[PDB]
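Numbered according to full-length UniProt numbering, the sequence shown spans residues 13 to 255, 262 to 315, 325 to 837. Even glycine gets a Cβ: it sits at the ideal position worked out from N, Cα and C. This report concerns only the one structure given below.
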Amino acid sequence: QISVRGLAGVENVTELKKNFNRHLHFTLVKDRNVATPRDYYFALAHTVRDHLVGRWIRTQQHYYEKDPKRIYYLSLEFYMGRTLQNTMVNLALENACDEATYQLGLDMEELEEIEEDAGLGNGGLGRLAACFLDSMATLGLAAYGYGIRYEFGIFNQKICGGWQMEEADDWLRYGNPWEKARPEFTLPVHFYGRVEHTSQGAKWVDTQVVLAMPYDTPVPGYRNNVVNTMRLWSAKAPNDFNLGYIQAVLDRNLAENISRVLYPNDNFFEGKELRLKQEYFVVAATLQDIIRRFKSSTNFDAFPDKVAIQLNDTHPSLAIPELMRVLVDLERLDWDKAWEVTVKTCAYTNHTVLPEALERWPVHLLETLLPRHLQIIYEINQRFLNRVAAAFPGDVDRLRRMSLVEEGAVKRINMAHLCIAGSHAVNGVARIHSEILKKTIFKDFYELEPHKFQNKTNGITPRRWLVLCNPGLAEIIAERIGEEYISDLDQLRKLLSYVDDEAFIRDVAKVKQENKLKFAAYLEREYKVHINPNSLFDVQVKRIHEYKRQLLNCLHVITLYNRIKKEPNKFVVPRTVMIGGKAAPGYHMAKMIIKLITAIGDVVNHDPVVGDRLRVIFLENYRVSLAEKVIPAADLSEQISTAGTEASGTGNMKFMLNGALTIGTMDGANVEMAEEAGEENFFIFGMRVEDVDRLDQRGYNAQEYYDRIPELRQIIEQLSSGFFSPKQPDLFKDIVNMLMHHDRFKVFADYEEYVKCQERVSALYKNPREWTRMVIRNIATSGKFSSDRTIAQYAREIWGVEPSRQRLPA
Ligand SMILES: *Cc1c(COP(=O)(O)O)cnc(C)c1O
């Protein structure tokens, strides 16, 4: 079919077909007369899975033999999505399987749609971890992803009456063919108990035990025969647990609830005990596994030379005191030596500066759940502050500002401070974010240990985010520059010499048009909503949050609508405005924004005068699999967070790599994207970080914008009067109130420039040729945003290991 999808050899197509039938029969226990599409999907999944095992076994045997430094990526989230196609792509089996299933009279694409998304993440943070695993495998690093095997991942979103309804993501219902339970490696995790101080050392006793059972999932590198491992822990109650009899057995649920469900909060800290248990659970089991693997390879001096632990934000921050606990209490190392090892082993990555997202655990919680860890944290704080006091004599405020322990209503432990103190490297996820860390939130820490602070701008894997989701684009690109770019995205720059190539311009635009037609079709298939494929696809997909400002997008949509109603017979570039994303269940304002979006669509989509000139659609249940479909079909990417709030963003990179132009603020990675492509090829608008600060010093008064902008005033009055909610006139009173009196994200402040910028977008879209040429300039300079580049920097500048593009014998 198409080049980049590999060869469809005679022998291997034949082999695939027989193994497919072999699995349908022996594995699924079905025949062609009673098999359902799902059975066929599993037969294929198992057939592909078989090609992984050989490589998986030798990759691990390889690491045992060579004993390289091991990288442990600890995260509470891994947003993997579907695994079938990704596996075929990395094993160069896509065309062969496509052919084999074709000959069996089956449509492989239909079968791929049956696989459930592995949604063990909320959004960008979990997706980053998934892209990172892909890149580490592709770069030949002996890396392991460690997390929790949630029984229920991010909830499936249903839109009822325009309101978000959540329903359990029972992703394991039909089983998971990709994982391999490893019950033989089960480890005990301790909770509660008390600390006993004996002759030689302290002892943590009278604890309640929960077993951690690991499940391994293979992570194949891109065509290098490397298959790494993602190990996810599942909670299991010991058998003597609580041992009326019946009740004791039913109460096992209490212990196993630890790995039951993913907390659905994106950029928001919820200090619940269950969450703390999850954090310790993943940390405790992982560290024991790490140490056990090390002892094989008694003197932990070399521990840092053979182990690197990366903390994905503070969620797994307990790894620092847990490592100290094990080394001091169990291995009997002196404190100072244990600390040296811990710091040299741990590295911390911060992903946000939003105050409500930072973890600050109540001391009383740690006191009851992890008594020994609290003592260790106090000791760490004591020694850390002595260092601060020695470096800044007499600066008592610095002492209280840097303390890991925060005083006040209830004493809390600042996990971020803990991470900085116990790590040899701390990094932000985009240049501007890392600078903000050094200038604001972590300024005191940067002044004490400037050497620790680094930047590692995020990235996305070009395998899933280009080859897999946009084969048509990957193909026309391969046609001109070869396939090498798939694992060396910088090579896309060569496309710059085709910016004036008429054939290429035509192909780029053709691929986009095809993606839009395919998506427009999908919308009618699974959701029954008609849209015009000739319109500009204006899309904003990401979690619903005030800082991401879906509300600013909404104001623009209403502006466009009001302008059309004012001058109906005036021409305007047709637009299909698509907004999608999930709101955390307890985030009221986020849920109201979703309702506002659907309410706007209700009015706009049924107004006869508007016609097919403007359509507002809310993409339901936005997740990884849906991102793979809508991003390749997008023309305009909305990355409009208030400057200084989106640490990096990654959706922005996906859109850039897939041929969409970007309208956004100078926030997060947007700054570097504009820098790489050139500001003239980016639709930048709004306040920069400095402008936001100037406004805060002066005091943000929304009323001022309302009084000086007639169009804005009209919108607010429409919202307040019930124009978008006839039966419930004051339905959006909370939204208006917030916008007018307590908008922490200054939506009104960027309104004018945003609308103006949006006009420049429409202007360019009217010139197909020039729009496409600008698109080419974006795609051609998106190379820096490959997670391979990001991982290579982590490897060389933090973990101290060299990436390799060497194939392993398959
Ligand atoms: C890439 C991705 C994200 C992150 O998007 P941003 O716009 O950076 O917040 C969130 N959700 C899904 C499903 C993604 O694929």
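Any idea what DSSP makes of residue 168, helix, strand or coil? strand
Classification of residue 697 by the beta-carbon crowding that lies within 10 angstroms, buried from 16 upward: buried
Taking 8 Å as the cut-off, is the CB of residue 708 close to at least one heavy atom of ligand 1? no
Using the beta-carbon count (16 or more within 10 Å), is residue 135 buried or exposed? buried
Does DSSP put residue 26 in a helix, a strand or coil? helix
Can you grab the Cα-Cα spacing for the pair residue 405 / residue 432, in whole Å? 8 Å
beta-carbon residue 165 near ligand 1 non-hydrogen atom, thresh 8 Å: no
Do the CB positions of residue 259 and residue 240 come within less than 9 Å of each other? Between 255 and 262 the numbering of the chain has a gap, and residue 259 falls inside it, with no coordinates.
Any chance you could list the alpha helix (DSSP H) runs of at least 4 consecutive residues sitting entirely within the stretch 770-801, in chain order? 774-792
Do you know how far the Cα of residue 143 is from the Cα of residue 510? 20 Å
What separation, rounded to the nearest whole angstrom, lies between the Cα atoms of residue 587 and residue 593? 10 Å
Any heavy atom of ligand 1 closer than 8 Å to the CB of residue 569? yes
Looking at the strands, I want to know which residues DSSP matches up with residue 83. 155 and 335
Does the beta-carbon distance from residue 780 to residue 705 come in below 9 Å? no
Is it right to say residue 351 is buried, meaning 16 or more other beta carbons lie within 10 angstroms of its own, or is it exposed? buried
From the DSSP output, read off the bridge partner residues of residue 373. 336
Which parts of the stretch 552-609 are runs of the alpha helix (DSSP H), unbroken and 4 residues or longer, counting only runs that do not cross its ends? 577-593
I want to check one thing, is the minimum distance from the CB of residue 483 to the heavy atoms of ligand 1 below 8 Å? no
In its own chain, which residues sit with a C-beta less than 6 Å from the C-beta of residue 450, not counting the 5 before and 5 after it? 373, 374 and 375
In three-state terms, what does DSSP make of residue 199? strand
Looking at the secondary structure, which residues open and close the alpha helix (DSSP H) in which residue 258 lies? Between 255 and 262 the numbering of the chain has a gap, and residue 258 falls inside it, with no coordinates.
Looking at ligand 1, does it come within less than 8 Å of residue 752, judged from the CB to the closest heavy atom? no
Residue 641 beta carbon less than 9 Å from that of residue 791: no
Evaluate the contact criterion for the stretch 76-95 versus the stretch 211-219: three or more CB pairs, one atom per stretch, below 8 Å. no
Would the stretch 336-346 and the stretch 294-306 be scored as touching if the rule is three or more Cβ pairs under 8 Å? yes
Can you look up residue 634 in the DSSP assignment and give me helix, strand or coil? coil
Please name the residue or residues paired with residue 639 in a DSSP beta bridge. According to DSSP, which records beta bridges pairwise, residue 639 is partnered with nothing at all.
Any non-hydrogen atom of ligand 1 within 8 Å of residue 656 CB: no
Near residue 618, which residues of its chain fall below 6 Å by C-beta distance, leaving aside the five closest residues on each side in sequence? 176 and 610
Should residue 160 be counted as a contact of ligand 1 given a C-beta to heavy atom distance under 8 Å? no
What would DSSP say about residue 473, mapped onto helix, strand or coil? helix
Counterpart residues of residue 132 in DSSP-defined beta bridges: 90
Spatial neighbours of residue 502 in its chain, beta-carbon cut-off 7 Å, leaving aside the 5 residues before and after: 14, 15 and 16
Quick one: residues in its chain with C-beta nearer than 8 Å to the C-beta of residue 37, no 5 flanking neighbours on either side, listed in chain order? 43
What would DSSP say about residue 242, mapped onto helix, strand or coil? strand
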